[PDB]
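Working notes for the structure below.
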Amino acid sequence: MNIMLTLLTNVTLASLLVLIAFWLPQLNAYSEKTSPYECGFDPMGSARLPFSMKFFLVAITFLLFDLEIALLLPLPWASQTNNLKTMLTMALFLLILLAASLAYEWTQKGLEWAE
Amino acid sequence: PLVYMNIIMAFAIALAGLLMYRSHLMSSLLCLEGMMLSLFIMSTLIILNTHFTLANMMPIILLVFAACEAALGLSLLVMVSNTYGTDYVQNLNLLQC
Amino acid sequence: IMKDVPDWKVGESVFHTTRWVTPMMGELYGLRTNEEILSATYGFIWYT
Amino acid sequence: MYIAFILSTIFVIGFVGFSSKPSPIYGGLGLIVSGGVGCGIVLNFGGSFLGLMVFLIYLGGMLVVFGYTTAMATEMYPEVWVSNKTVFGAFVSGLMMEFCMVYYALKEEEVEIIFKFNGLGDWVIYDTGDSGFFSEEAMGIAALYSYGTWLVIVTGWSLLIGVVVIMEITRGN
Amino acid sequence: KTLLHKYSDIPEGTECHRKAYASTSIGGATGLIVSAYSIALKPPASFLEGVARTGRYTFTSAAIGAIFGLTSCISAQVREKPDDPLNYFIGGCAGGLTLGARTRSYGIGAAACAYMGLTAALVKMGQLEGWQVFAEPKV
Amino acid sequence: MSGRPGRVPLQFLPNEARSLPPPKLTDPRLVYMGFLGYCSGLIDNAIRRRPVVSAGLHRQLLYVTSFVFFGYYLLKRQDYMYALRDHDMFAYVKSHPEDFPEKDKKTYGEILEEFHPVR
Amino acid sequence: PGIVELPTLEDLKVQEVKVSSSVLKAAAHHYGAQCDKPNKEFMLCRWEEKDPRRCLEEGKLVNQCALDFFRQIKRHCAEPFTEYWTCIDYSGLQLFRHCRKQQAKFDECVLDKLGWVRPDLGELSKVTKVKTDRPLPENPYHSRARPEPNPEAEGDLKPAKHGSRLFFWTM
Amino acid sequence: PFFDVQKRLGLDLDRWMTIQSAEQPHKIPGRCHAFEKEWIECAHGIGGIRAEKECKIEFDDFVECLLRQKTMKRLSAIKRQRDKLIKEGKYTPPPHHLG
Amino acid sequence: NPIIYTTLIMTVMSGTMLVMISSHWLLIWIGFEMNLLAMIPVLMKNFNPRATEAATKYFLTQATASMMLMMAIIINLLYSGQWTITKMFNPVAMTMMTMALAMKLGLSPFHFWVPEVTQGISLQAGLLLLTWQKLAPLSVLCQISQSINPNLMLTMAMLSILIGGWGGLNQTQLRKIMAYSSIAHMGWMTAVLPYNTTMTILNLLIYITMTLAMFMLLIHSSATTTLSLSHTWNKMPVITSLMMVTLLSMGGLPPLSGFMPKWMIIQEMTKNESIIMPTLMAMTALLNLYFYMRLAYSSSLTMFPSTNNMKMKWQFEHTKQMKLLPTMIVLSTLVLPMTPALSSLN
Amino acid sequence: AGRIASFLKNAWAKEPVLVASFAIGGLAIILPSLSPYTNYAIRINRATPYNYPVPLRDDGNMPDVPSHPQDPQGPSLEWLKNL
């Protein structure tokens, strides 16, 4: 439970810092201080309107690629098996498959910011 | 054991959550995504318990396709959000006939 | 411990076969103390 | 024993976090924490690789879903677990749902709902075997490139088809 | 499925009170399912009309079960002919009349009486003989 | 069937199906399936609005040959399944005499079948 | 559903070899070379019988034989063992690499004082055979008589009697 | 498989995982290698339906080894009655069972 | 780009073939995504708001069924420890799977998705969805037919036939009624599935071939409404003739090949002492026959008013070859006299 | 000849990293065929003992396996000792 003890201590020590930084250093709020910041002026009124991406295409490819790397994390242990021959081909095959998918997306536009 | 009960009722409310749309598809899509987390934890619990070395395979490989299902899922939601603007399932009825 | 129970064979064969089985550790540490439980059952994983 | 059952209990009401339809990333809050404690459930059973994997790619996977929510799935007034009355009803109904059975399990240990399982904790279900010098989980995963082979091919080929599929559906002519 | 056994155990005629009560349980249960499907496929609006729709359906279905159950046993007791298929017919036809009363339209109740009357004799037809609807794969 | 011993999956007419007499080329079932080839020939020119009886005979000849070819092996497999069904069947009754007794067939002089007057 | 049998508390007690792990692994290379015959006998019992309750006698033999092994080294050069095992203790991984000088001092006692040589690499990791005289367990898994397989189809294929026999299809 | 392409060419595609007592990475045994072995080679070439009543004993024991529920229930009866009477008195723990 | 559309079509076929050749419970699921992954692109190939409509509706139900399908496997793993494709060893898990597979097939009230998706997507993709994904769940149902719950599957089959054929006479779009008609045919093959698996394959093949022959005819006619199909008599009256012949074929009147399954299905069910159930499904199959003739009534058997511009269509000719059309038509109408071929499947 | 040389010139001029990454990726695939130490790498993993090689009962006529981990007969690894 040693990891639990340091985890508990860490989140505790963080909580004291926010605790005495909210009660000790005075309190005075009169609305316009409490208002959002828009570089000096009053916002158009939102911060909740759809802030549509312009790079949505690459986001999903990250999920496919961040997923597939989890398939090759076992590589250090995969090297120390009695069958490195098929290990070499299969592990290589994954890297070309990611390479092909990146190459496929690259050629058909893709990574460049969708406009 | 009791740990198994906790995580199969994790499926049940996830099952209830998925096929219960209130306002928007994104919340249900996330529930579909999180539904496999119980599925991951479920399958993972037997496999380390039973010491079956090979079948440690499938928790990772279930993760390949469950999140891939989500990958095409929220990318489908992109096509909705351009024609539909919002992501509401209540509006998602233009094929009323 | 088994005197009050109506029907109880003391140390009956757990399975229908007579071949020995690796002992389900619940039989091992079932009635031991709490610290001995955590020292071995959760010992390795919780150890650093 | 506490932690083994207690962590799974957090996994439960954590799942209530997103199954009750809060604002989508408040649901993201719901399953990211159960994903965090879900690492703990497999961790206590060994399972360090798998426990870290979910704490690796879920955060990677959940990294973009927030963006889609705040970019193309957010409202003028984002939801919360207390604002809307139905979702609060959905939240609470996810609280007595497991509360009765854990009390039933803690008091009787013979709960029959759907499946039959006893309630002597879960420290019993562990083993007495010795791993020698090899972790069972980390080597079964490493058997991907020695004995997976075909099981590798179907995963890799689909990932290629993935990047084709996620491209053409969103291309829009 | 326990309700089906809770109705079949009681011999025809005797214990007509329990037989009638059992028939209400099947009628009440079936009304709950159709009502649950009704407000799910077609959402009325708020809870007040939703519970009214379930109330109308549950009351109606239980009504058919109640009168059909009590008519079957009293007919068997009075006529002293438990095996007679018509012991269910007069209960079955009465089911249509009650449905016609529940729907406030005797026009559809008249045709319902024959339809539920014929089926009621048919379920007694199979109960008497070895008829089975969900046969196990014998071949 | 799907579980009989000594079966090779995805294997068409096996090495013992040839022990049965082959279907004749004048098999009425075979020529009918050839007639389906003839029928599938004439209709083809109907969609493409061609002379339904005097258009390209190569298509019609190829339409008939394909049907008569694949049919012959199917007609060979036809009997082999039935022969295999018949073969094992007779082994079971031989191997299980107690399930198939032989009644002492007695003439109608002893049978008391009652008479139904109709009038 | 039957009987479990366990040896009584008397015959499962031996003169247990009570010395720390580091000392055991410090002399493990020399221990595995000569003190091997009881060891090889012990788990031919462990793998053939597949039942620890049937191998207590071999467990006694290996425990006492190791005791004679530890008696020999203690009697001849006890002091050179001292520095070798304590520097193994200081290593968290019990690494042999930071022990070569101390290992050298240990090695030349038993080679010259007693005649014990140091096995080289891949020496103890062998499939070597052992001359156990005990009977071979006939049914290690205690399996019962198995059900007889269904009779095998035999004979020759005859044409289907009266054709397909389906409704009104003559053949 | 609907089409047992595995058996046709004789090359395995997914049969290596299937059952528990298949070959393992440098022979790491499963929990129920013995029980699962006894059940599998009991009902081999005998038929799926002609396997339940005959090769039963090798199966419930195997599914016992997998779940160990009746034995955990056995431990439940031991622990439950233990806390029943030690709280009432009688039993005092022997000095090895509590340290 | 056509070269890639060959690949995703191939993967859908490859994934389906993966399901029907796998002995591992895991790989069977893997084929379902391989079908599911590459299906959505070809479902919204035209990229219409209806295409995005149907694609989203398809994905939600299909993903739910496949996701429900694992812990049906996982509980089997919990209570059996076996991955092999055999009978299931835990009842509640396999009941859970039957709902999952029925969701993929669209038999129970689960069936709501198939008529909705079919309308939004084009005819060509409608054929592929309605004729190719009805094999992978069929293969799994065929394999697990040993321990199948009789009441569970028969109830699912009856509803699929009932609602499948009951709402059929309420849709003016052909793509809708075929989806409605398919659910009725879905029930027919699934009803026999618990009893004998062989007749399920024959009814599958017979239904499949008719499914091409009609959908393939519809593409040639290029019709979306019954009135649109009605105008076909003024260009290619022969095409509209095979139209009705296939309708009566799909109805099931002999000698037409649509009487193949209806004749064969009730046979072993009567052999299995199930007689009331065969009677009800046959009688309610007349509901299928009703809107079958109504489409035949509007298309072939009677004329219908045409348009002025329709004349110029006579001058030009169709350019699509529409491969394998004549063989499907004959294989969908004149097949009954060759009945004993069910043994070849057996 | 001329086309490939100009093409290599163009690739090395515009995006050197990609024509690079194709190079390291290129030969890392075909070196395994030309590798003379892959067989040693095979022998490396076989030699490493994880499970202890349980002894075998000797009913006679196995001269290869020794009776003791000191006799010369049996599989050996002096290639590793040299290496």
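Ordered as shown in the structure tokens, chains take letters A, B, and onward, while each chain numbers its residues from 1 and ligands are numbered from 1 in the order shown.
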Distance-based interface of chain J with chain A, 8 Å, counting only C-alpha atoms, as a list in words: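 Per the criterion, chain J yields residues 29, 41, 42, 45 and 46 of chain J.
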Keeping N, CA, C and O atoms, export the residues of the selection given above as a PDB file, in the first residue's frame.
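Done, and the output landed in part_16.pdb:
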ATOM      1  N   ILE J  29      14.232  -4.057 -42.824  1.00  0.00           N
ATOM      2  CA  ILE J  29      13.375  -5.175 -43.200  1.00  0.00           C
ATOM      3  C   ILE J  29      14.187  -6.286 -43.860  1.00  0.00           C
ATOM      4  O   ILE J  29      13.924  -7.474 -43.643  1.00  0.00           O
ATOM      5  N   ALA J  41      20.752 -15.319 -31.940  1.00  0.00           N
ATOM      6  CA  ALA J  41      19.644 -14.762 -31.169  1.00  0.00           C
ATOM      7  C   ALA J  41      18.593 -15.822 -30.876  1.00  0.00           C
ATOM      8  O   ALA J  41      17.984 -15.825 -29.800  1.00  0.00           O
ATOM      9  N   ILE J  42      18.354 -16.725 -31.830  1.00  0.00           N
ATOM     10  CA  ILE J  42      17.500 -17.880 -31.567  1.00  0.00           C
ATOM     11  C   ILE J  42      18.087 -18.716 -30.437  1.00  0.00           C
ATOM     12  O   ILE J  42      17.387 -19.104 -29.495  1.00  0.00           O
ATOM     13  N   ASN J  45      17.781 -17.215 -26.728  1.00  0.00           N
ATOM     14  CA  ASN J  45      16.537 -17.356 -25.981  1.00  0.00           C
ATOM     15  C   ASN J  45      16.308 -18.799 -25.550  1.00  0.00           C
ATOM     16  O   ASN J  45      15.754 -19.050 -24.473  1.00  0.00           O
ATOM     17  N   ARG J  46      16.720 -19.760 -26.379  1.00  0.00           N
ATOM     18  CA  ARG J  46      16.585 -21.165 -26.006  1.00  0.00           C
ATOM     19  C   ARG J  46      17.457 -21.505 -24.804  1.00  0.00           C
ATOM     20  O   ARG J  46      17.044 -22.269 -23.926  1.00  0.00           O
TER      21      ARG J  46
END
Interface list for chain G, partner chain J, 7 Å threshold, only C-alpha atoms, as number ranges by chain: G: 33, 40, 44, 122-131
At most 6 Å to chain I: residues in chain F, only C-alpha atoms, as JSON, numbers by chain: {"F": [40, 44, 78, 81]}
Alpha helix (DSSP H) residues, from DSSP on the backbone, in chain B, as a count of residues only: 69
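Residues surrounding residue D:173 within 12 Å are residues 79 of chain B; 167 and 168 of chain D; 1, 41, 44, 45, 46, 47 and 48 of chain I [only C-alpha atoms; sequence separation below 5 positions excluded].
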Keeping only N, CA and C atoms, write the selected residues to a file as a short mmCIF file (atom, residue, chain, number, x, y, z; two decimals), in the first residue's frame.
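Listed below is the output, part.cif:
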data_model
loop_
_atom_site.label_atom_id
_atom_site.label_comp_id
_atom_site.auth_asym_id
_atom_site.auth_seq_id
_atom_site.Cartn_x
_atom_site.Cartn_y
_atom_site.Cartn_z
N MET B 79 -20.39 14.13 -38.93
CA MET B 79 -21.29 14.31 -40.07
C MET B 79 -22.65 14.84 -39.63
N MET D 167 -12.14 8.33 -42.65
CA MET D 167 -11.84 9.38 -43.62
C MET D 167 -13.00 9.60 -44.58
N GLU D 168 -13.55 8.52 -45.13
CA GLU D 168 -14.55 8.65 -46.19
C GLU D 168 -15.90 9.09 -45.63
N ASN I 1 -13.56 6.98 -54.24
CA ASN I 1 -12.72 6.44 -55.30
C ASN I 1 -12.97 4.94 -55.41
N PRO I 41 -19.23 3.59 -44.15
CA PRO I 41 -18.88 4.33 -45.38
C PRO I 41 -19.73 3.98 -46.58
N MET I 44 -23.34 5.42 -46.34
CA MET I 44 -23.50 6.84 -46.67
C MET I 44 -22.63 7.23 -47.86
N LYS I 45 -22.58 6.36 -48.87
CA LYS I 45 -21.79 6.66 -50.06
C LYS I 45 -22.33 7.88 -50.79
N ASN I 46 -23.66 8.00 -50.88
CA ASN I 46 -24.26 9.16 -51.54
C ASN I 46 -24.12 10.43 -50.71
N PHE I 47 -23.89 10.30 -49.40
CA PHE I 47 -23.73 11.44 -48.49
C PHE I 47 -24.96 12.36 -48.55
N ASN I 48 -26.07 11.81 -48.11
CA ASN I 48 -27.31 12.54 -47.93
C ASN I 48 -27.62 12.70 -46.45
#
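Counting only C-alpha atoms, every residue of chain A that comes within 7 Å of chain B is listed here: residues 60, 63, 64 and 67 of chain A.
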I need the residues from that last selection saved to file as an mmCIF file, in the first residue's frame (with N, CA and C atoms), if you can.
data_model
loop_
_atom_site.group_PDB
_atom_site.id
_atom_site.type_symbol
_atom_site.label_atom_id
_atom_site.label_comp_id
_atom_site.auth_asym_id
_atom_site.auth_seq_id
_atom_site.Cartn_x
_atom_site.Cartn_y
_atom_site.Cartn_z
ATOM 1 N N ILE A 60 -9.357 11.716 -34.683
ATOM 2 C CA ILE A 60 -9.744 10.308 -34.663
ATOM 3 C C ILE A 60 -8.567 9.417 -35.038
ATOM 4 N N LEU A 63 -6.689 8.479 -32.101
ATOM 5 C CA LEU A 63 -7.268 7.365 -31.356
ATOM 6 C C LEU A 63 -6.858 6.029 -31.952
ATOM 7 N N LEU A 64 -6.908 5.909 -33.279
ATOM 8 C CA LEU A 64 -6.465 4.674 -33.913
ATOM 9 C C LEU A 64 -4.984 4.428 -33.661
ATOM 10 N N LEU A 67 -4.267 3.870 -29.955
ATOM 11 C CA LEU A 67 -4.711 2.517 -29.658
ATOM 12 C C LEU A 67 -3.686 1.492 -30.124
#
Long-range neighbours of stretch 302-312 of chain I as a PyMOL selection string, 9 Å cut-off, only C-alpha atoms, 6 positions minimum in chain: chain I and resi 227+230-231+233-235+296
Each residue of chain H with at least one atom at most 12 Å from chain A should appear once, together with its nearest atom pair and the corresponding distance in Å (one decimal); atoms considered: only C-alpha atoms; ordering: chain, then increasing residue number; output as a Markdown table.
| residue | atom | partner | partner_atom | distance |
| --- | --- | --- | --- | --- |
| H:24 | CA | A:81 | CA | 11.9 |
| H:25 | CA | A:81 | CA | 8.3 |
| H:26 | CA | A:82 | CA | 8.8 |
Sort by chain and increasing residue number a table of all residues of chain H within 6 Å of chain C, each with its closest pair of atoms and their distance in Å to one decimal, counting only C-alpha atoms, and write it as CSV.
residue,atom,partner,partner_atom,distance
H:61,CA,C:15,CA,5.9
H:97,CA,C:32,CA,5.0
H:98,CA,C:33,CA,4.9
Interface, chain G side, toward chain I (10 Å; only C-alpha atoms) as a PyMOL selection string: chain G and resi 163-167+169+171
Could you please take those selected residues and save N, CA, C and O atoms as an mmCIF file, in the first residue's frame?
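In the end it all went to part.cif:
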data_model
loop_
_atom_site.group_PDB
_atom_site.id
_atom_site.type_symbol
_atom_site.label_atom_id
_atom_site.label_comp_id
_atom_site.auth_asym_id
_atom_site.auth_seq_id
_atom_site.Cartn_x
_atom_site.Cartn_y
_atom_site.Cartn_z
ATOM 1 N N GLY G 163 -34.953 -43.956 -54.235
ATOM 2 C CA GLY G 163 -34.662 -42.563 -54.500
ATOM 3 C C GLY G 163 -34.645 -41.695 -53.251
ATOM 4 O O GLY G 163 -34.363 -42.148 -52.138
ATOM 5 N N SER G 164 -34.954 -40.411 -53.456
ATOM 6 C CA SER G 164 -34.857 -39.430 -52.379
ATOM 7 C C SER G 164 -35.848 -39.709 -51.258
ATOM 8 O O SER G 164 -35.611 -39.312 -50.112
ATOM 9 N N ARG G 165 -36.964 -40.368 -51.570
ATOM 10 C CA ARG G 165 -38.004 -40.707 -50.600
ATOM 11 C C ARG G 165 -38.618 -39.475 -49.946
ATOM 12 O O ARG G 165 -39.133 -39.555 -48.827
ATOM 13 N N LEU G 166 -38.576 -38.330 -50.621
ATOM 14 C CA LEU G 166 -39.152 -37.093 -50.105
ATOM 15 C C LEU G 166 -40.475 -36.845 -50.821
ATOM 16 O O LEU G 166 -40.491 -36.539 -52.018
ATOM 17 N N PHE G 167 -41.577 -36.977 -50.082
ATOM 18 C CA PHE G 167 -42.921 -36.786 -50.618
ATOM 19 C C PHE G 167 -43.163 -37.637 -51.859
ATOM 20 O O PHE G 167 -43.242 -38.866 -51.771
ATOM 21 N N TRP G 169 -41.270 -37.500 -54.856
ATOM 22 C CA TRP G 169 -40.121 -37.542 -55.753
ATOM 23 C C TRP G 169 -39.629 -38.982 -55.819
ATOM 24 O O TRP G 169 -39.076 -39.503 -54.845
ATOM 25 N N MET G 171 -37.210 -40.482 -57.508
ATOM 26 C CA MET G 171 -35.770 -40.694 -57.425
ATOM 27 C C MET G 171 -34.996 -39.384 -57.522
ATOM 28 O O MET G 171 -35.547 -38.308 -57.291
#
Distance criterion (only C-alpha atoms): nearest to residue E:113 out of E:64, E:3, E:135, E:52: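 Smallest distance to residue E:113 is found for E:64.
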Distance in Å - atom CA of residue B:30 versus atom CA of residue I:16: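 Straight-line distance from atom CA of residue B:30 to atom CA of residue I:16 works out to 27.3 Å.
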Selection near residue H:10, 12 Å with only C-alpha atoms, sequence-local residues under 6 positions removed, as a PyMOL selection string: (chain F and resi 8-9) or (chain H and resi 4)
Who sits within 10 Å of residue E:103, only C-alpha atoms, same chain under 6 positions skipped, as a count of residues only: 4
Contact residues (chain G, partner chain H, 7 Å, only C-alpha atoms) as a list in words: residues 146, 149 and 150 of chain G
Atom CA of residue D:70 to atom CA of residue I:54, distance in Å rounded to a single decimal: 25.5 Å
